[PDB]
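Quick heads-up: it's one chain on its own, the form deposited in one PDB entry, in structure tokens.
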């Protein structure tokens, strides 16, 4: 299958084992912003669901399928690959919706669905929007979508902005310098200090932060899920030119994302921005190997290149330059193994 060809078995096993836990479902459900916004987008756009056929991709415990039922869908196909599909079935039964919701256990790339649907709903977003590569499964499912169908979410915007955080930058070295001693219990560890530094720097930092560390308005990269093909997510080249609003040292790029549900009655936004209430997605920061000085009014130009890998994630390649000075830096990070700093 398309899933198998693009995913290492070892990664897939652990991934779906992780989502087999009710505790992870509770963590997602207890995010009020997430759950409430999904509910609001579906119910306030009830004409997009009433008497429609719906496909729910990666339904987990089934919550979005229930919301689609509340809005009056005629039939909902709920697809889930983890063992959570068992529990979703229990809820479908216990909520007396077996006549309207059918749970299909398996990967959406592999299951057989009988008919074309009117709308696909899903929560495919990971860290930095793209982590887990579930957006590809979501787009792959469009093989079941009628030509005039819709997607909830309809678009996703990843946002990038330069930040200054001297303490975050220094912290890497404080930790790595553990290795810089000539006699740790009689052992000279200093030869590994460089390796330790590199290792810390390859890890995106998952946590939140004061918006006052941001030095420029974000750059936006938009994926239109109604137009995109799944192949469009294998390589994501995000050019940027930031107009510096503040003068200082730039230590890296901060990432967050929004998605929009564009229905017939209204458009509803779900944002993970640092200006908004915190979510279980937090935000993500990637450090440069060296900070860049930029005056207010300078331009910081470069690219963020995301290269998908077989571990259901991305390698992040970042290059940045201060145009007015020519000062340049970069980093290459592994999104599969972020550092949870929060």
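Residue numbers count along the first chain shown, from 1. The term rigid core refers to the most C-alpha atoms you can superpose between the two forms while keeping them within 1.5 Å.
| said: Between 301 to 309 and 56 to 64, which has its CA atoms farther from the current form in 9 other deposited structures of this protein, using a rigid core superposition? | reply: More C-alpha displacement in 9 other deposited structures of this protein shows up in 56 to 64.
| request: Determine, for 219 to 227 and 190 to 198, which one has C-alphas that on average lie farther from this form in 9 other deposited structures of this protein; superpose on the rigid core first. | output: When 219 to 227 and 190 to 198 are compared in 9 other deposited structures of this protein, the bigger C-alpha shift is seen for 190 to 198.
| Out of 323 to 331 and 14 to 22, which stretch has the higher average CA B-factor listed in the record? | Stretch with the higher mean C-alpha B-factor: 323 to 331.
| Averaging C-alpha B-factors over each stretch, which comes out higher, 162 to 170 or 242 to 250? | The entry gives the higher C-alpha B-factor average to 242 to 250.
| What's the residue among 313, 283, 45, 35 with the greatest CA temperature factor in the PDB record? | Answer, based on the entry's C-alpha B-factors: 45.
| From 190, 148, 82, 131, which pick has the Cα B-factor that tops the rest in the entry? | Comparing C-alpha B-factors across 190, 148, 82, 131, the top value belongs to 148.
| said: When the deposited Cα B-factors of this chain's modelled residues are ordered and cut into thirds, is residue 199 in the lowest, the middle or the highest one? | reply: CA B-factor rank for residue 199: lowest third.
| Chain-relative CA temperature factor third for residue 65 | It falls in the bottom third of the chain.
| field | residue 309 - which third its CA temperature factor falls in, relative to the rest of the chain | value | Within its chain, residue 309 is a lowest-third residue by C-alpha B-factor, going by the deposited values.
| field | Chain-wide C-alpha B factor ranking for residue 137, given as lowest, middle or highest third | value | According to the entry, residue 137 has a C-alpha B-factor in the chain's lowest third.
| task | Classify residue 113 as lowest, middle or highest third according to the C-alpha B-factor given in the PDB entry, relative to its own chain. | result | Answer is highest: the recorded C-alpha B-factor places it there.
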